[PDB]
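Inspection log for the structure reproduced underneath, given as structure tokens.
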2 protein chains.
Amino acid sequence: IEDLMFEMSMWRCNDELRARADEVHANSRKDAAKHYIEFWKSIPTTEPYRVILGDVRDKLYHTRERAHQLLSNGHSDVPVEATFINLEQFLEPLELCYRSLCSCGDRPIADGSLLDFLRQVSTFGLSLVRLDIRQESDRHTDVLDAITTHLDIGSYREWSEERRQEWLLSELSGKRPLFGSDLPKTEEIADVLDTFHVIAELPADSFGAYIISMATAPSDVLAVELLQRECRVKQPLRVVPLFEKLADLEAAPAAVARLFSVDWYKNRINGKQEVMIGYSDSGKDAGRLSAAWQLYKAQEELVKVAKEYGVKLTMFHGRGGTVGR
Amino acid sequence: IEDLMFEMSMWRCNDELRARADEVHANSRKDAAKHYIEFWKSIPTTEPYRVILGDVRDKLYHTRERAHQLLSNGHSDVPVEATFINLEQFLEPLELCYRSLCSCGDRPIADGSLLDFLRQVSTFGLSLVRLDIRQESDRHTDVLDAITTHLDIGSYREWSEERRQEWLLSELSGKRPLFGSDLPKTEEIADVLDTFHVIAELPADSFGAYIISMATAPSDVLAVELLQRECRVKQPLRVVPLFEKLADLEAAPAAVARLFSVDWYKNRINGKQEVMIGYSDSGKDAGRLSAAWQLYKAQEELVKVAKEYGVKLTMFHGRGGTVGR
């Protein structure tokens, strides 16, 4: 950000960027600001891009220091309002700089370091990569079984698929909390519950998808939707099944179609669905040729199902480096 | 405590108090300890009573400092283990001094400042007076009605007594949480829920009994028991009905008996029940004579009911200063 500030040394801007830079110069904090090396003096309105990018630098400094304390210790005293919390609270001032440069005839300048920086922000965001969480279905089933046994309503393991679907739907659409503080948990059960709490505690733009290993039925997805909602995950991440064994690839389109049949899920999925297609285990239990061919069929009929339900399907290919995977 | 340390200057003690004073002198913190005025030097084991009482001074000093921060601000950094948390963590060292003094033939010394201090501790405790909470029945009914309506299960107001009893019993014996964070509350609903949260946050020995105004049915008491359990009140306070108007004094024995009939409640009541008897309003709607006489009869038949259920009834007389109340 400091090198970008050094380059944006123009003095022409729109009335818009002028007004905003005047706003920042109002709350300019006439102070020493000696913790910085460069630009430690209050930036004059003569160079407005430097004013705005100066505020971006301040919020960057406090974002870095906060994350540094949050990591080093367990907490930070840095105010959240002093940092960049949004994916595009960051982008807004830089977008404004770009509009300014273009309006004033400086599109060549804008398509330089400022464009490089814009693309880096809009490509990497505040956390370089969005993290996926993957977990096998049987662990979610163990959790739910603990929940139904503790609630004295049956054993979710012993329940048929129909029963699991009806129950999970009633809880997802219901408004009463499920388990409580006094739910008996195993180290495994507490592992998955605690990963959901960690997911809830952290910013939403830090995570990607929740991938279900050995996913076979809609109850496996709905279980994760419910456990997320119940662990107070403010912005729940999308659920995506992983079909890697040949048997699961053969029956995948049917399962996805049955999931889209559930009106509640199709209404909450918002017309977009991602499903993962594993490549490692397919060519291990069956032939490599049969595996590849079945993979082709799988993609084809999954697209057929998604088109049949008006859902934009994006498929997640778990490809390896070796042809065998 | 300092004047008490000054008197307890004996040098004979039992082996018990000897061992304990040696323990305290082991972790004696060989420091300046200049924050005290008197006894700032580590107390020698020659005067063991002063050793022990000196530690009581340390825990009183930190108990006071913690309570002072907790009051002044919202929190305290004073470790809880540095203070007296129990009503008789305080009493134990003093009891030890008393047993020691008696064993060594100094019961007369023990029956002086130390016995006064024992009585003051055992009578005033860590909070000079135990605090009662009083609230009218209708406010608890408003809360529960909000909960059943939000759970889309009916209207607790419109429900008959029978139905309220069945529901309240199933929830009191059930293990699943009731309402959640998203329950729509009025300022009144939030008032009673928040008084329950405050009660849960504060020490148990700081509160007394929860008095229900305009109490008429077993559902009124069970309602408060449920709200306490559901607001995570660790040690729930005893529920006590208030019969003050002449009609309610007339119907009190029946209502208390109907309450004792709920075996779940009589088994949790632990053989003890307190019921309040108001004196102000009776002689206002009826005569003073009829009120006095009705009060007498009510006391008489409440005792009969409690004896019939093997419950030690203690009655709380809401007497005034003026003969009319």
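Just so we're on the same page: first chain in the structure tokens is A, next is B, and so on; residues restart at 1 for each chain, and ligands are numbered from 1 in the order they show up.
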Inset, instruction - May I have the residues within 8 Å of residue A:84 as number ranges by chain, using only C-alpha atoms and disregarding those fewer than 4 positions away in the same chain? - result: A: 59-60, 63, 80, 89-90
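Backbone DSSP over stretch 141-252 of chain A gives strand (DSSP E or B) for residues 207, 208, 209, 210, 211, 212, 213, 239, 240, 241, 242 and 243 of chain A.
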Writing out the chosen residues with N, CA, C and O atoms as an mmCIF file, in the first residue's frame:
```
data_model
loop_
_atom_site.group_PDB
_atom_site.id
_atom_site.type_symbol
_atom_site.label_atom_id
_atom_site.label_comp_id
_atom_site.auth_asym_id
_atom_site.auth_seq_id
_atom_site.Cartn_x
_atom_site.Cartn_y
_atom_site.Cartn_z
ATOM 1 N N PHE A 207 -14.148 -18.992 4.995
ATOM 2 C CA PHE A 207 -14.442 -20.391 4.733
ATOM 3 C C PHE A 207 -15.049 -20.584 3.355
ATOM 4 O O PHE A 207 -15.672 -19.683 2.791
ATOM 5 N N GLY A 208 -14.905 -21.797 2.846
ATOM 6 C CA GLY A 208 -15.475 -22.135 1.563
ATOM 7 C C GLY A 208 -16.685 -23.033 1.699
ATOM 8 O O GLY A 208 -17.779 -22.554 2.015
ATOM 9 N N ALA A 209 -16.495 -24.339 1.513
ATOM 10 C CA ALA A 209 -17.579 -25.309 1.484
ATOM 11 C C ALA A 209 -17.385 -26.384 2.549
ATOM 12 O O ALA A 209 -16.265 -26.639 3.003
ATOM 13 N N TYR A 210 -18.503 -27.003 2.964
ATOM 14 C CA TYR A 210 -18.488 -28.147 3.874
ATOM 15 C C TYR A 210 -18.746 -29.406 3.057
ATOM 16 O O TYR A 210 -19.883 -29.679 2.656
ATOM 17 N N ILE A 211 -17.697 -30.184 2.845
ATOM 18 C CA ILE A 211 -17.730 -31.356 1.992
ATOM 19 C C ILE A 211 -17.982 -32.580 2.859
ATOM 20 O O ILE A 211 -17.295 -32.797 3.869
ATOM 21 N N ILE A 212 -18.971 -33.376 2.463
ATOM 22 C CA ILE A 212 -19.390 -34.570 3.191
ATOM 23 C C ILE A 212 -18.784 -35.784 2.505
ATOM 24 O O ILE A 212 -19.143 -36.108 1.368
ATOM 25 N N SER A 213 -17.877 -36.462 3.197
ATOM 26 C CA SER A 213 -17.329 -37.703 2.681
ATOM 27 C C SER A 213 -18.323 -38.835 2.900
ATOM 28 O O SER A 213 -19.058 -38.863 3.890
ATOM 29 N N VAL A 239 -23.207 -26.721 1.583
ATOM 30 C CA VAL A 239 -22.924 -28.133 1.793
ATOM 31 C C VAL A 239 -22.746 -28.795 0.437
ATOM 32 O O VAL A 239 -23.493 -28.512 -0.510
ATOM 33 N N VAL A 240 -21.760 -29.679 0.337
ATOM 34 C CA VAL A 240 -21.441 -30.312 -0.941
ATOM 35 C C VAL A 240 -21.083 -31.775 -0.705
ATOM 36 O O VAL A 240 -20.177 -32.067 0.088
ATOM 37 N N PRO A 241 -21.760 -32.714 -1.367
ATOM 38 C CA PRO A 241 -21.467 -34.135 -1.165
ATOM 39 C C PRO A 241 -20.265 -34.583 -1.974
ATOM 40 O O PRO A 241 -19.989 -34.067 -3.056
ATOM 41 N N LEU A 242 -19.553 -35.568 -1.440
ATOM 42 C CA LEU A 242 -18.386 -36.135 -2.108
ATOM 43 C C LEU A 242 -18.681 -37.582 -2.485
ATOM 44 O O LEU A 242 -18.730 -38.461 -1.617
ATOM 45 N N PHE A 243 -18.844 -37.829 -3.780
ATOM 46 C CA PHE A 243 -19.025 -39.173 -4.312
ATOM 47 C C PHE A 243 -17.703 -39.608 -4.929
ATOM 48 O O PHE A 243 -17.327 -39.122 -6.002
#
```
Inset, instruction - Could you please tell me, as a PyMOL selection string, which residues of chain A have an atom within 12 Å of chain B when using only C-alpha atoms? - result: chain A and resi 147-153+171+173-184+230+232
Taking N, CA, C and O atoms for each residue, export the selection above as a short mmCIF file (atom, residue, chain, number, x, y, z; two decimals), in the first residue's frame.
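Everything below was put into out_16.cif:
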```
data_model
loop_
_atom_site.label_atom_id
_atom_site.label_comp_id
_atom_site.auth_asym_id
_atom_site.auth_seq_id
_atom_site.Cartn_x
_atom_site.Cartn_y
_atom_site.Cartn_z
N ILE A 147 -27.87 -36.93 19.87
CA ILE A 147 -28.89 -35.92 20.14
C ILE A 147 -30.27 -36.56 20.33
O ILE A 147 -31.04 -36.17 21.21
N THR A 148 -30.61 -37.55 19.50
CA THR A 148 -31.92 -38.18 19.62
C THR A 148 -31.98 -39.10 20.83
O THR A 148 -33.02 -39.21 21.47
N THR A 149 -30.88 -39.78 21.14
CA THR A 149 -30.86 -40.62 22.34
C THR A 149 -30.96 -39.77 23.60
O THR A 149 -31.71 -40.10 24.52
N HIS A 150 -30.21 -38.66 23.66
CA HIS A 150 -30.30 -37.80 24.84
C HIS A 150 -31.67 -37.15 24.98
O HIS A 150 -32.13 -36.91 26.10
N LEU A 151 -32.33 -36.85 23.86
CA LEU A 151 -33.68 -36.30 23.87
C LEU A 151 -34.76 -37.36 24.09
O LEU A 151 -35.94 -37.00 24.15
N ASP A 152 -34.38 -38.63 24.22
CA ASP A 152 -35.31 -39.75 24.41
C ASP A 152 -36.40 -39.77 23.34
O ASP A 152 -37.60 -39.78 23.63
N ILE A 153 -35.97 -39.78 22.08
CA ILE A 153 -36.88 -39.82 20.95
C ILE A 153 -36.57 -40.96 19.99
O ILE A 153 -37.28 -41.13 19.00
N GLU A 171 -36.94 -30.15 12.33
CA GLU A 171 -36.06 -29.35 13.18
C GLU A 171 -35.51 -28.12 12.46
O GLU A 171 -35.39 -27.05 13.06
N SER A 173 -36.98 -26.41 10.07
CA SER A 173 -38.04 -25.43 9.96
C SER A 173 -38.59 -24.99 11.31
O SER A 173 -39.27 -23.96 11.39
N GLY A 174 -38.32 -25.75 12.36
CA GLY A 174 -38.72 -25.37 13.69
C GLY A 174 -37.84 -24.28 14.27
O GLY A 174 -36.78 -23.96 13.74
N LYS A 175 -38.29 -23.70 15.38
CA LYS A 175 -37.60 -22.58 16.00
C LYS A 175 -37.08 -22.87 17.40
O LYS A 175 -36.46 -21.99 18.01
N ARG A 176 -37.31 -24.07 17.94
CA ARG A 176 -36.83 -24.38 19.29
C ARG A 176 -35.42 -24.98 19.24
O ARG A 176 -35.12 -25.78 18.35
N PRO A 177 -34.53 -24.59 20.16
CA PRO A 177 -33.18 -25.16 20.15
C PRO A 177 -33.21 -26.67 20.32
O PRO A 177 -34.14 -27.23 20.90
N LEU A 178 -32.18 -27.33 19.80
CA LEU A 178 -32.10 -28.79 19.83
C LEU A 178 -31.43 -29.27 21.11
O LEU A 178 -32.07 -29.39 22.16
N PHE A 179 -30.14 -29.56 21.03
CA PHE A 179 -29.36 -29.95 22.20
C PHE A 179 -29.09 -28.74 23.09
O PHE A 179 -29.38 -27.60 22.74
N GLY A 180 -28.52 -29.02 24.25
CA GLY A 180 -28.18 -27.97 25.19
C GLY A 180 -26.74 -28.08 25.64
O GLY A 180 -25.94 -28.77 25.01
N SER A 181 -26.40 -27.39 26.73
CA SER A 181 -25.05 -27.50 27.27
C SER A 181 -24.78 -28.90 27.81
O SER A 181 -23.63 -29.34 27.83
N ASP A 182 -25.83 -29.60 28.26
CA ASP A 182 -25.70 -30.87 28.97
C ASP A 182 -25.84 -32.08 28.05
O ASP A 182 -26.24 -33.15 28.51
N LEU A 183 -25.55 -31.92 26.76
CA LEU A 183 -25.61 -33.04 25.84
C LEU A 183 -24.38 -33.93 26.04
O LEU A 183 -23.25 -33.43 25.95
N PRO A 184 -24.55 -35.22 26.32
CA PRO A 184 -23.39 -36.11 26.46
C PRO A 184 -22.68 -36.30 25.12
O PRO A 184 -23.29 -36.73 24.14
N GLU A 230 -27.79 -25.08 14.21
CA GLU A 230 -27.93 -25.30 15.64
C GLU A 230 -26.68 -24.88 16.39
O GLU A 230 -26.76 -24.53 17.57
N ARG A 232 -25.28 -22.23 15.77
CA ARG A 232 -25.35 -20.78 15.67
C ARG A 232 -24.29 -20.26 14.70
O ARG A 232 -23.59 -19.27 14.97
#
```
Inset, instruction - Using all C-alpha atoms matched in sequence order, least-squares fit chain A onto chain B and give the RMSD rounded to one decimal in Å. - result: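 Rounded to one decimal, the C-alpha RMSD is 0.3 Å.
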Legend entry - stretch 51-279 of chain A: residues DSSP assigns to alpha helix (DSSP H), reported as a ChimeraX atom specification: /A:51-72,91-103,107-109,115-124,137-150,161-173,187-201,218-230,246-250,252-261,263-269
How about saving the chosen residues, C-alpha atoms kept, as a compact mmCIF listing (two decimals), in the first residue's frame?
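So the final result, stored in part12.txt, reads:
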```txt
# COMPACT_ATOMS: atom_id res chain seq x y z
CA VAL A 51 -5.54 10.95 1.23
CA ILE A 52 -7.89 8.05 0.43
CA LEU A 53 -5.11 5.49 0.07
CA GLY A 54 -3.81 6.90 3.35
CA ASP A 55 -7.02 5.86 5.07
CA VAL A 56 -6.76 2.45 3.38
CA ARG A 57 -3.24 2.21 4.83
CA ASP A 58 -4.52 3.01 8.31
CA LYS A 59 -7.18 0.31 8.18
CA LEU A 60 -4.58 -2.08 6.75
CA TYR A 61 -2.17 -1.36 9.62
CA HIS A 62 -4.87 -2.03 12.20
CA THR A 63 -6.12 -5.11 10.33
CA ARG A 64 -2.61 -6.57 10.38
CA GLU A 65 -1.98 -5.68 14.02
CA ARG A 66 -5.34 -7.11 15.11
CA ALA A 67 -4.83 -10.40 13.27
CA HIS A 68 -1.29 -10.51 14.68
CA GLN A 69 -2.55 -10.19 18.26
CA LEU A 70 -5.52 -12.51 17.68
CA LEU A 71 -3.01 -15.13 16.51
CA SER A 72 -0.21 -14.42 19.00
CA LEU A 91 -12.57 -2.42 -2.35
CA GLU A 92 -14.73 0.73 -2.12
CA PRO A 93 -11.92 3.35 -1.78
CA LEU A 94 -9.83 1.67 -4.48
CA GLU A 95 -12.86 1.47 -6.77
CA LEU A 96 -13.37 5.18 -6.14
CA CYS A 97 -9.76 5.88 -7.10
CA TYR A 98 -10.28 3.94 -10.33
CA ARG A 99 -13.46 5.82 -11.25
CA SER A 100 -11.63 9.07 -10.52
CA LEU A 101 -8.64 8.23 -12.70
CA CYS A 102 -10.87 7.11 -15.57
CA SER A 103 -13.12 10.19 -15.41
CA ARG A 107 -7.28 5.25 -17.51
CA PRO A 108 -3.68 4.27 -18.46
CA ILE A 109 -2.53 5.07 -14.91
CA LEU A 115 -5.44 -2.29 -11.28
CA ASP A 116 -2.90 -4.85 -10.06
CA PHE A 117 -3.94 -4.03 -6.50
CA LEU A 118 -7.66 -4.09 -7.32
CA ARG A 119 -7.28 -7.54 -8.88
CA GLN A 120 -5.26 -8.81 -5.91
CA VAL A 121 -7.94 -7.59 -3.48
CA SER A 122 -10.87 -8.96 -5.47
CA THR A 123 -9.01 -12.24 -6.03
CA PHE A 124 -7.45 -12.93 -2.61
CA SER A 137 -21.04 -38.57 7.04
CA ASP A 138 -20.84 -41.21 9.80
CA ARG A 139 -19.50 -38.59 12.22
CA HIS A 140 -22.54 -36.36 11.69
CA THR A 141 -24.70 -39.46 12.10
CA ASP A 142 -23.00 -40.27 15.41
CA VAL A 143 -23.68 -36.70 16.59
CA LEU A 144 -27.35 -36.77 15.64
CA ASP A 145 -27.73 -40.20 17.26
CA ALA A 146 -26.35 -38.73 20.47
CA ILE A 147 -28.89 -35.92 20.14
CA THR A 148 -31.92 -38.18 19.62
CA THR A 149 -30.86 -40.62 22.34
CA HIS A 150 -30.30 -37.80 24.84
CA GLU A 161 -33.90 -42.54 5.48
CA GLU A 162 -37.53 -41.40 5.33
CA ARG A 163 -37.61 -40.89 9.10
CA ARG A 164 -34.29 -39.03 9.14
CA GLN A 165 -35.52 -36.71 6.38
CA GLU A 166 -38.84 -35.93 8.07
CA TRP A 167 -37.22 -35.31 11.47
CA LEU A 168 -34.34 -33.19 10.15
CA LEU A 169 -36.84 -31.12 8.16
CA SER A 170 -39.06 -30.58 11.19
CA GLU A 171 -36.06 -29.35 13.18
CA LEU A 172 -34.67 -27.14 10.40
CA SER A 173 -38.04 -25.43 9.96
CA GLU A 187 -14.32 -36.83 21.85
CA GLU A 188 -15.49 -37.31 18.24
CA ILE A 189 -18.91 -35.72 18.81
CA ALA A 190 -17.26 -32.79 20.59
CA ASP A 191 -14.72 -32.62 17.75
CA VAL A 192 -17.40 -31.99 15.13
CA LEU A 193 -19.53 -29.74 17.37
CA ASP A 194 -16.46 -27.69 18.24
CA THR A 195 -15.44 -27.35 14.58
CA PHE A 196 -18.92 -25.95 13.99
CA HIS A 197 -18.46 -23.49 16.86
CA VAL A 198 -15.07 -22.46 15.47
CA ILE A 199 -16.76 -21.95 12.10
CA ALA A 200 -19.36 -19.78 13.86
CA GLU A 201 -16.77 -17.68 15.72
CA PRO A 218 -30.29 -36.19 1.45
CA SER A 219 -30.26 -36.84 5.20
CA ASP A 220 -26.46 -36.52 5.08
CA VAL A 221 -26.65 -32.97 3.71
CA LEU A 222 -29.60 -31.90 5.84
CA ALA A 223 -27.78 -33.20 8.91
CA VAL A 224 -24.99 -30.71 8.22
CA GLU A 225 -27.43 -27.87 7.52
CA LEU A 226 -29.12 -28.55 10.86
CA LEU A 227 -25.92 -28.97 12.86
CA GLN A 228 -24.69 -25.69 11.38
CA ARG A 229 -27.88 -23.79 12.15
CA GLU A 230 -27.93 -25.30 15.64
CA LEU A 246 -17.78 -46.20 -7.89
CA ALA A 247 -21.00 -47.32 -6.19
CA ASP A 248 -21.70 -43.75 -5.04
CA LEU A 249 -20.93 -42.32 -8.49
CA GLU A 250 -23.43 -44.74 -10.07
CA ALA A 252 -25.19 -39.92 -7.47
CA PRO A 253 -27.69 -38.33 -9.92
CA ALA A 254 -30.59 -40.07 -8.19
CA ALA A 255 -29.43 -38.77 -4.80
CA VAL A 256 -28.97 -35.20 -6.04
CA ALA A 257 -32.41 -35.30 -7.67
CA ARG A 258 -33.96 -36.57 -4.44
CA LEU A 259 -32.25 -33.72 -2.58
CA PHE A 260 -33.56 -31.11 -5.03
CA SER A 261 -37.03 -32.66 -4.58
CA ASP A 263 -38.68 -27.99 -1.52
CA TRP A 264 -37.14 -26.49 1.63
CA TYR A 265 -33.60 -27.24 0.50
CA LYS A 266 -34.16 -26.16 -3.11
CA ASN A 267 -35.57 -22.88 -1.77
CA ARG A 268 -32.60 -22.33 0.52
CA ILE A 269 -30.02 -23.47 -2.03
```
Legend entry - For residue A:39: contacts at 12 Å, only C-alpha atoms, fewer than 2 positions along chain excluded, given as number ranges by chain: A: 1-3, 5-6, 31-37, 41-44, 50-51, 53-55, 57-58
Inset, instruction - For atom CA of residue A:322 and atom CA of residue A:297, determine how far apart the two atoms are, in Å to one decimal place. - result: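 Atom-to-atom, atom CA of residue A:322 and atom CA of residue A:297 are spaced 21.5 Å apart.
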